[PDB]
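Down below is the structure, laid out as structure tokens.
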Amino acid sequence: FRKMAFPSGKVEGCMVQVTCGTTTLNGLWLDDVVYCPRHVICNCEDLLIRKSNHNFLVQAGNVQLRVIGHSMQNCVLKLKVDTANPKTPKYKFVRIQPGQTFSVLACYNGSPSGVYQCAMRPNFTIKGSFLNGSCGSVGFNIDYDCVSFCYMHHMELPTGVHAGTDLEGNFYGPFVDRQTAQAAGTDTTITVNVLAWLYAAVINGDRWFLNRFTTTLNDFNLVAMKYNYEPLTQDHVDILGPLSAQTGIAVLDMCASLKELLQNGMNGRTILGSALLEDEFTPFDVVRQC
Amino acid sequence: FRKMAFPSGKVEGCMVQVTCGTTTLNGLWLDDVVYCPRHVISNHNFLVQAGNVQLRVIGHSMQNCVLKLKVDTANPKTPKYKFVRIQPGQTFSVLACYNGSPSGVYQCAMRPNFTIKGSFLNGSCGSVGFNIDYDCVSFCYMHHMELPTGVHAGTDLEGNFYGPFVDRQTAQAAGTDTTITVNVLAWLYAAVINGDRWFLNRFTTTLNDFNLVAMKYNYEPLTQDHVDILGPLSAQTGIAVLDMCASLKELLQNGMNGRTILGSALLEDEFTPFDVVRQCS
Ligand SMILES: COc1cccc2[nH]c(C(=O)N[C@@H](CC(C)C)C(=O)N[C@@H](C[C@@H]3CCNC3=O)C(=O)COP(=O)(O)O)cc12
Ligand SMILES: COc1cccc2[nH]c(C(=O)N[C@@H](CC(C)C)C(=O)N[C@@H](C[C@@H]3CCNC3=O)C(=O)COP(=O)(O)O)cc12
């Protein structure tokens with residue numbers, strides 16, 4: 001069982017470099033439009049009216065695309081180009097929910113650099129790996145050749161976690177695209193994902209945390225809230241149904257295991273090679289892989 | 001620090017499926033040759049497909065445990081590429097594939113016992129591992145087998161197994177594994193780069209003395225090639241390799257003491273010196 005990203009090729013063929021003045025970052029080229037963070041032009045609406053199409057330099061590899069129009073949508077700039085991208089996959093723009101996962105394609109100067117999986121934290125940050133020049137890198141999921149784009153990268157907080165927008169330019173979380181030190185809300189642990197990962201552990205032969213006890217949902221939620229875990233809902237219990245079906249361990253049975261781990265710790269033991277309780281795998285992530 | 005795979009697009013363009021009889025696995029289509037595990041078994045006995053499009057086989061040969069199928073079409077998506085044989089401790093990206101269709105990408109490290117900690121199901125054989133340097137893909141792994149302990153084993157692209165395994169339907173055991181010393185050292189350099197340097201001491205060691213101590217803690221001995229690849233990190237931090245070795249020796253002999261390095265009480269041994277520079281630079 002491994003943290004596994006989607007194959008990134010359908011997205012690599014869409015990455016370009018956008019330059020305006022002395023600022024450069026990455027853009028996403030779909031059909032005849034390039035999407036990139038509006039920070040590349042740095043009130044912002046007045047800054048944009050003062051630019052012309054020729055102020056924007058867009059490169060796909062070494063080929064310069066010609067900008068024939070421009071607009072702003074929240075924190076995202078949309079550059080119309082006179083060339084359509086033939087590598088454009090079937091795609092959608094989606095706004096993901098906290099606790100869901102996606103693949104990030106880290107890019108620099110329009111060149112894809114690395115790929116890895118992230119979860120949208122409850123406090124709407126992501127624990128990524130991004131350096132100077134990564135702005136405009138995107139996050140996505142792939143379902144049957146359709147790429148659903150959900151994240152465009154903008155900033156790194158003082159704590160080292162990351163913040164960005166959806167592809168409509170609206171931030172996840174209470175952040176803004178300005179050069180300021182910004183703190184996130186208090187983070188919490190994605191309970192449904194921890195349980196999905198414990199099921200993944202049982203499917204892979206790790207069973208030392210299982211116990212004889214069962215708990216009620218409300219009693220589990222009282223302990224979970226005490227340890228800064230998100231509440232578990234009946235919908236979460238349902239979503240875990242297939243994993244409980246495959247393992248023969250009722251969901252509220254697994255919750256009793258989680259409660260004991262939270263109250264007694266792991267005593268130096270590991271689960272799937274981890275000394276910590278992992279909450280960045282969704283129930284679907286476990287199913288899709290196992 | 002994240003375990004980061006290389007972008008997989010250059011390899012995705014090369015994945016095909018190879019069927020002989022009822023057995024289908026993945027193949028790697030470079031120029032006019034398709035490489036796949038020989039376990040898949042005349043030219044017309046082989047069904048090679050890119051998606052649902054058949055590629056006509058015009059020749060075949062066997063190189064160790066890999067089958068080489070000559071096809072009549074040169075792959076237009078062929079990247080600049082090399083076949084390389086990696087050493088234990090080196091990392092690479094795996095593109096997990098089923099029936100010629102890529103499924104996911106993740107980073108693996110070759111253990112000293114020549115296994116990797118993969119995520120592979122039935123139908124994954126022929127999936128490859130690779131590194132990408134300046135648009136050139138160095139292929140280093142082709143997947144063949146899951147051991148009874150859940151770890152995985154395979155060959156290079158010349159069909160030679162890493163480790164003492166064979167492509168038979170038989171339960172095989174790896175040697176007892178050890179910790180990848182060169183990678184732990186890279187991880188300590190990464191901690192120093194980020195300001196976490198409590199573990200630096202004022203001792204040094206010889207390479208040989210360190211190696212003999214290391215083996216008593218189930219750590220790998222260092223080669224001269226290991227000392228060489230730590231050079232860039234040593235210069236960046238101004239900490240000599242043998243001085244860092246002396247620091248690691250104290251951690252082995254004295255423990256963390258409820259202290260952390262880069263947030264964890266466990267030392268990490270699956271980031272190479274190149275991986276550390278990749279992520280810090
Ligand atoms: C006082 O200020 C601060 C204080 C404390 C913490 C702070 N953090 C940020 C920040 O993150 N600022 C954004 C720009 C604003 C306008 C949204 C930025 O720097 N984003 C990077 C990606 C970043 C770069 C390092 N790791 C990444 O993920 C781009 O890629 C674009 O900038 P570049 O042109 O490439 O350098 C400012 C700041
Ligand atoms: C009694 O014998 C055993 C006992 C105990 C443990 C054992 N392990 C193996 C083994 O590993 N067998 C090879 C085939 C040989 C010729 C190398 C295999 O590799 N199976 C998969 C990949 C595997 C399957 C699940 N996860 C993977 O990684 C392929 O992809 C090709 O086989 P398929 O045609 O796709 O099923 C045999 C065996």
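All values below come from the heavy atoms of this structure, side chains included, with hydrogens, waters and symmetry mates left out. Indexing begins at 1, ligand by ligand and atom by atom, following the structure's order. Order of the sequence lines sets the chain letters (A, B, ...), proteins ahead of strands, with each chain counted from 1.
- Contact annotation for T170(B) and ligand 2: only backbone heavy atoms (N, CA, C, O) come within less than 4.0 Å of the ligand.
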Given ring-ring contact (aromatic ring centres under 6.0 Å, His included), test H153(A) with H162(A) step by step and report yes or no. CA-CA 8 Å; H153(A) 182 50; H162(A) 297 104; 5.4 Å; yes
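- Remark: ligand 1 atoms within the under-4.0 Å shell around heavy atoms of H162(A) are 28 (O).
- The residue from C97(B), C125(B), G154(B) that puts a heavy atom closest to atom 29 (C) of ligand 2 is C125(B).
- Atoms of ligand 1 lying under 4.0 Å from at least one heavy atom of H153(A), given by number and element, are 22 (C), 27 (C), 28 (O).
- Panel note: side chain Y151(A), backbone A163(A); a donor-acceptor pair is recorded below 3.5 Å.
- More than 12 heavy atoms of other shown residues, nucleotides or ligands fall within 6.0 angstrom of atom CZ in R38(B).
- Side-chain contact, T19(B) with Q49(B): no donor N or O sits under 3.5 Å from an acceptor N or O.
- Here the protein heavy atom with the shortest distance to atom 10 (C) of ligand 1 is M155(A) CB, 3.8 Å.
- Residue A171(B) approaches ligand 2 through these ligand atoms, each under 4.0 Å from one of its heavy atoms: 3 (C), 4 (C), 5 (C).
- Residue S124(B) has at least one heavy-atom neighbour below 4.0 Å for each of these atoms of ligand 2: 22 (C), 28 (O), 30 (O).
- Using cut-offs of 30° and 60° on the angle between ring planes, the pair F114(B) and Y162(B) is parallel.
- When the heavy-atom distances from atom 13 (C) of ligand 1 to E156(A), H39(A), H154(A), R178(A) are ranked, the shortest goes to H154(A).
- The nearest heavy-atom contact from the protein to atom 14 (C) of ligand 1 is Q179(A) OE1, 3.4 Å.
- At least one N or O atom of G123(B), backbone or side chain, sits closer than 3.5 Å to an N or O atom of ligand 2.
- Relative to the six-membered ring of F271(B), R278(B) misses at least one condition, a distance below 6.0 Å or an angle of at most 45° to the axis.
- Look at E168(A) and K78(A) and you find no salt bridge, because none of the NZ, NE, NH1 or NH2 atoms lies under 4.0 Å from a carboxylate O.
- Listed by number with element, the atoms of ligand 2 under 4.0 angstrom from any heavy atom of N122(B) are 24 (C), 25 (C), 36 (O).
- With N26(B) contributing its side chain and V128(B) its backbone, the two residues share no donor-acceptor pair below 3.5 Å.
- When only modelled atom types and interatomic distance are considered, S101(B) and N99(B) share no side-chain donor-acceptor pair under 3.5 Å.
- Near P158(A), the atoms of ligand 1 lying under 4.0 angstrom from a non-hydrogen atom of the residue are 6 (C).
- Not a single heavy atom of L25(B) sits under 4.0 Å from any atom of ligand 2.
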